[PDB]
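Per PDB author numbering: the sequence shown = residues 1 to 129.
Heads up, the beta-carbon is just placed ideally off N, CA and C, and yes, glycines get one too.
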Amino acid sequence: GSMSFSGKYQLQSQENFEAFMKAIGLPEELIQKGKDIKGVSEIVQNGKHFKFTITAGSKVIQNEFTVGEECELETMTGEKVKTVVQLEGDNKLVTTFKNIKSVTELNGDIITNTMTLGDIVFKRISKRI
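Rendered as structure tokens:
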């Protein structure tokens with residue numbers, strides 16, 4: 001196995017974005033702010049350990065995660081949750097949250113993310129640049 005899991009993707013289409021904020025209890029100010037900010041997520045890969053980046057309004061976060069083992073990353077709510085990254089297939093990533101089931105898959109240049117919050121589930125679509 002030898003693939004390049006290090007690229008860049010720019011937000012394209014989204015479904016009920018503010019819904020995800022209302023689920024957590026976010027005002028329109030933050031929703032209107034985030035909506036004014038492009039949601040770009042960079043993926044870093046290095047043998048096995050992959051580096052992640054969070055652009056919550058320019059600000060960036062440096063953290064390293066390893067697959068096969070569950071790690072704990074401090075969310076944006078100042079909380080520490082233990083997430084796990086599972087692989088099943090040739091291009092499929094399965095990870096779970098403290099109490100959120102997330103399913104990652106690879107389909108061409110479109111990435112479908114699954115998240116359930118406040119009984120509200122939405123999918124995200126992003127094209128390759």
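Practice task
Taking all protein chains shown into account, decide if residue 126 is buried (16 or more other Cβ within 10 angstroms of its Cβ) or exposed.
Solution key: Counted from its first residue, the sequence shown places residue 126 at position 126. The residue is buried, with at least 16 neighbouring Cβ atoms inside 10 Å.
Problem - Helix, strand or coil at residue 93 according to DSSP, with G and I counted as helix - result: Here residue 93 refers to the residue found at position 93 when the sequence shown is read from its first residue. Three-state DSSP puts residue 93 in a strand.
Problem - Nearest residue (CA-CA) to residue 85, options 74, 50, 57 - result: Position 85 of the sequence shown holds residue 85. The option with the nearest alpha carbon to residue 85 is 50.
Problem - Reference residue 56; option with closest CA among 71, 33, 66 - result: Locating residue 56 in the sequence shown gives position 56, counting from the first residue. Of 71, 33, 66, the residue nearest in Cα terms is 33.
Handout entry: Beta-carbon proximity check, residue 117 vs residue 52, cutoff 9 Å
Key = As a position in the sequence shown, residue 117 is number 117, starting the count at 1. As a position in the sequence shown, residue 52 is number 52, starting the count at 1. For the 9 Å CB-CB criterion, residue 117 and residue 52 do not form a contact.
Exercise for the section: Rank 66, 97, 18 by C-alpha distance to the C-alpha of residue 81 and give the top, closest one. Expected result: Position 81 of the sequence shown holds residue 81. Out of 66, 97, 18, 97 has the C-alpha closest to the C-alpha of residue 81.
Handout entry: Cβ-based neighbour list, residue 71, same chain, cut-off 6 Å, excluding 5 preceding and 5 following
Key = Numbered from 1 along the sequence shown, position 71 holds the residue referred to as residue 71. Result list for residue 71: 65, in chain order.
Problem - Continuous alpha helix (DSSP H) assignments of at least 4 residues falling wholly in the region 47 to 120 - result: none
Practice task
Below 6 Å CB to CB, which residues in the same chain sit around residue 112 once its five sequence neighbours on both sides are set aside?
Solution key: Here residue 112 corresponds to residue number 112 of the sequence shown, with the count starting at 1. For residue 112, where only same-chain residues beyond five positions count, the Cβ hits under 6 Å are 105, 123.
Handout entry: Where the alpha helix (DSSP H) through residue 32 begins and ends
Key = Residue mapping note: residue 32 aligns to position 32 of the sequence shown, counting from 1. Here the alpha helix (DSSP H) through residue 32 covers 28 to 34.
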